[PDB]
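Take a look at this one chain, the form deposited in one PDB entry, written out in structure tokens.
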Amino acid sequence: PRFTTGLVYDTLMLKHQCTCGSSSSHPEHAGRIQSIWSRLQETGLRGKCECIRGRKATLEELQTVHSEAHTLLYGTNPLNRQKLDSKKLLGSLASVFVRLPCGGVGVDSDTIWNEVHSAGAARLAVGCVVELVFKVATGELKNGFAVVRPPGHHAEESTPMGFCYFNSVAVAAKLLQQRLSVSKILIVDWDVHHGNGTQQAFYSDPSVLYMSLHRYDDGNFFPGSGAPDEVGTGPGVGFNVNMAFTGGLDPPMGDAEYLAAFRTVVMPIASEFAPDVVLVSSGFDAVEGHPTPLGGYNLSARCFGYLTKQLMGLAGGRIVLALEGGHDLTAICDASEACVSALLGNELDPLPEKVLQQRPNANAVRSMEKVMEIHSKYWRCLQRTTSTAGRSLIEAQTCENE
């Protein structure tokens, strides 16, 4: 069926393409997105999905979010500015490529061309996201997952950072506004790090609700931004929600804490807002397997399928997820699989009874209540009540009844 879940991916985002990359004997190597694409295939999820062809963002598209100067530097191929040669032109190409132990060739990661190819892959990743987003926003597709790299959510107007050159999700949102006049867009960013770029892009805009869940720990975790305080400016006051977790890893945030955060902050506010489209900066660095500096949290991959199913209850299900961070191949492959499975309407493997029974930790509850206190000023859904943040899912269920 063609009104179904869309997928985007492009081999030209990859440094090196190898067949048998995923492997099942000994060797590692082969990156993040190639590994996810391979998992989507051997699970057969790609077969149920409509594979969409991506493209480069135009330089005009990139400038919906970023400066002309930023876009020209990182967006354009650098060899075009050096007036076409032949001997010097051939010399650069011998430095770009390098034969690898498996017989295949790829972009040499131990040369200057690494970050140049990354900036080019970023321009491709943006256009890939925009294509999927528009096919979903238009009803051509129901759903979407963008298997894309590098990430984009830290990339600011005139500043690349955190491996981000261009903010794919923010660009796609700007284009929905300009080209389709979409009245209300919800952007949920569940990468473990604050999406400073996306916040900045829409900070004074009430037409897009930006909601980040991230490790904040009072300003000491990368990128250091995203205080619960930061609620928007001008007409956008109230429409920036930083579900900032504080208290460190005493204990680490897990499934229960994020599920509680959705129950008490994300779904209430998002439902009230009532978006026409939902975009997700879907990093997977919060899942277990991302030690303390990179991540520190231990969500399960299957929690992400449940978080996806939740967001699918908004905007009539007009939702697109785009990969951001996450490193551990198993973790991001398990999470990607759980998310695409959810998007296809497959029955999700139940959460373990342990998770459903578990009350969120005290640091989590305190983090959630600080956010709700701050945002009660802006949302009718947090003015009616008192916090049930410290209840488990089953308790919340039991104590909704009578």
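Between two forms, the rigid core is defined as the largest C-alpha subset superposing within 1.5 Å. Shifts are known only where both forms have a C-alpha. A residue's number is simply how far along the shown sequence it sits, counting from 1.
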Residue stretch of maximal mean CA temperature factor, 191-199 vs 78-86: 78-86
Higher-scoring stretch by recorded Cα B factor average, 208-216 or 177-185: 177-185
From the entry's CA B-factor values, the highest among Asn240, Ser109, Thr308, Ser225 is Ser109
For the CA B factor values reported in this entry, which option in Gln41, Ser367, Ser336, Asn361 has the top one? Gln41
Here the Cα B-factor of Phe97, set against its chain, lands in the third termed highest
Please say which third, lowest, middle or highest, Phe304 falls into when its CA temperature factor is compared across its chain. lowest
Entry-reported Cα temperature factor of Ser281, expressed as the chain third it lands in: lowest
Can you tell me which third, lowest, middle or highest, the CA B-factor of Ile269 falls into for its chain? lowest
Per the entry's values, where does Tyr258 land by CA temperature factor relative to the rest of its chain, in the lowest, middle or highest third? lowest
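Form deposited in another entry: not shown, discussed below.
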Would you indicate which listed residue, out of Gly120, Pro268, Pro228, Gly296, moves its Cα by 2 Å or more between this form and the one not shown relative to the superposed core? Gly120
Once the core is superposed between this form and the one not shown, does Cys18 show a C-alpha displacement of at least 2 Å? yes
Compare the position of the CA of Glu28 between this form and the one not shown after a rigid core fit and state whether the shift reaches 2 Å. yes
In the other entry, do the Cα atoms of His214 and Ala119 sit closer or farther apart than here, given a shift of 3 Å or more? farther
Say whether the C-alpha atoms of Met13 and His29 sit closer together or farther apart in the other entry than in the form shown here, given that their separation changes by 3 Å or more. closer
What runs of three or more residues stand out between this form and the one not shown, with each Cα shifted 2 Å or more once the rigid core is matched? 15-30, 77-79, 112-120
